[PDB]
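Engineer: Sharing a structure below in structure tokens format, with a few things to ask.
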Amino acid sequence: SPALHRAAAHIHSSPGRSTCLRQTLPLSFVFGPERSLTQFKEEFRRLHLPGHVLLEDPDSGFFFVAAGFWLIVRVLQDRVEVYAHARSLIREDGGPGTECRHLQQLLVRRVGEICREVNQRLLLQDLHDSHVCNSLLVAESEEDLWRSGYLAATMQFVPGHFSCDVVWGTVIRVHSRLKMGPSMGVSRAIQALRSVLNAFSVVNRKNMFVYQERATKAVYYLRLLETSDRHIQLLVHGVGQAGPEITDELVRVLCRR
């Protein structure tokens, strides 16, 4: 720990050195470190890179990279500092220069991904607790707009930053009795889905279902669009690949319906 502190002090005291590359990636904090300090510690102790082992010193909390050149990441309340030291950080002709550049790019990408994952997890937790879908979790459509501290993230991040891609998709051809439901030009599949899953329907997000997994603890969202022949075309957007809880149970329920 004293050696790591001395190395960090030496790196920070020599800006612009060709043998050092220091970058800072601020995260999109929402509730500050009150609910993120444990999350920040977990990310520091878990988020790593292939080809190396990240060891966190219990004395100071600084993370060091070991083979499985020095690279350290500081875990503060609201600031992240990366200190890199090498014999030659600009020698790309077989030296560690190109490797250091690639490592810095990968670290920046990982920091962005970690911030996005933290935002998505916060949005999912808020949706589970309050049954409300935030603007960051899903872009407000025209229909959603017509049907309608933590402000730091909203003021610093545009909508869609915490949005999650469609984890899975499904296409089922509706029968000849579901071309148009009670509404003219609109199938009854939406009405059937609403009747089936009103217990997990988002008030602020129409045709959206949020339900945390019993084991995987994955609360994803559903988007069933009338794509033509008013068939069924649904996309389940979650943090990751959902398990059997949402893979086939919903499909079987809709089939029975």
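With ideal geometry, Cβ positions are generated from the backbone for all residues, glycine too; neighbour counts draw on all protein chains shown. FYI, it's all coordinate maths here, none of it is from the lab.
Engineer: Quick check, is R223 farther than 16 Å from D129 by Cβ, buried (at least 17 other Cβ atoms within 10 Å of the Cβ) and in contact with a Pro (Cβ under 8 Å, 6 or more places away or on another chain)?
Structural biologist: No: the conditions fail for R223.
Engineer: Could you count how many residues in segment 164-191 are among the small types (G, A, S) and surrounded by 16 or more Cβ atoms within 10 Å (Cβ to Cβ)?
Structural biologist: 3
Engineer: Something else: Quick check on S60: is it touching a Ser or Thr at 6+ places or on another chain (Cβ under 9 Å), at negative phi, not in a helix (DSSP H, G or I) and not basic (K, R)?
Structural biologist: Here the answer is yes, as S60 does meet what is asked.
Engineer: Please go through segment 51-100 and give me each residue that is more than 21 Å from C115 (Cα to Cα) and of a type in the set (K, R), ordered by number.
Structural biologist: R87, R91 - these are the residues of segment 51-100 that are more than 21 Å from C115 (Cα to Cα) and of a type in the set (K, R).
Engineer: Sticking with this structure for a sec: Mind checking which residues of segment 77-121 are in a helix (DSSP H, G or I), of a type in the set (A, V, I, L, M) and in contact with a helix residue (DSSP H, G or I) (Cβ under 8 Å, 6 or more places away or on another chain)?
Structural biologist: Residues satisfying the conditions are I114, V118.
Engineer: Could you figure out which of (1) in contact with a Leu (Cβ under 7 Å, 6 or more places away or on another chain); (2) closer than 21 Å to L123 by Cβ isn't true of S187?
Structural biologist: The failed condition is (2).
Engineer: Please go through segment 17-35 and give me each residue that is touching a helix residue (DSSP H, G or I) at 6+ places or on another chain (Cβ under 9 Å) and among the small types (G, A, S), ordered by number.
Structural biologist: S28, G32
Engineer: Let me ask you something else. Just checking, how many residues over segment 1-41 are in a loop (DSSP other than H, G, I, E, B) and touching a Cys at 6+ places or on another chain (Cβ under 9 Å)?
Structural biologist: Summing the residues that are in a loop (DSSP other than H, G, I, E, B) and touching a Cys at 6+ places or on another chain (Cβ under 9 Å) in segment 1-41 gives 7.
Engineer: Within segment 131-159, track down each residue that is closer than 24 Å to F40 by Cβ and of a type in the set (G, A, S).
Structural biologist: Within segment 131-159, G149, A152, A153 qualify.
Engineer: Could I ask something else about it? For a quick check of your reading of the model, give me the residue pairs whose first member lies in segment 240-254 and is of a type in the set (A, V, I, L, M), whose second is in a loop (DSSP other than H, G, I, E, B), with beta-carbon atoms closer than 8 Å and at least 6 apart or on different chains.
Structural biologist: From segment 240-254, the pairs are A242/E213; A242/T216; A242/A218; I246/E213; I246/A218; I246/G238.
Engineer: Next question. Just for segment 42-57: of the residues that are touching a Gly at 6+ places or on another chain (Cβ under 9 Å) and not in a loop (DSSP other than H, G, I, E, B), which one is surrounded by the most Cβ atoms within 10 Å (Cβ to Cβ)?
Structural biologist: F44
Engineer: Among the residues of segment 109-140 satisfying the criterion of being of a type in the set (D, E) and more than 17 Å from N204 (Cβ to Cβ), which is surrounded by the fewest Cβ atoms within 10 Å (Cβ to Cβ)?
Structural biologist: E113
Engineer: Which ones in segment 238-255 are in contact with a strand residue (DSSP E or B) (Cβ under 8 Å, 6 or more places away or on another chain), under 18 Å from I172 (Cβ atoms) and not hydrophobic (A, V, I, L, M, F, W, C)?
Structural biologist: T247
Engineer: How many residues does segment 213-231 contain that are within 14 Å of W168 (Cβ to Cβ) and among the β-branched types (V, I, T)?
Structural biologist: 1
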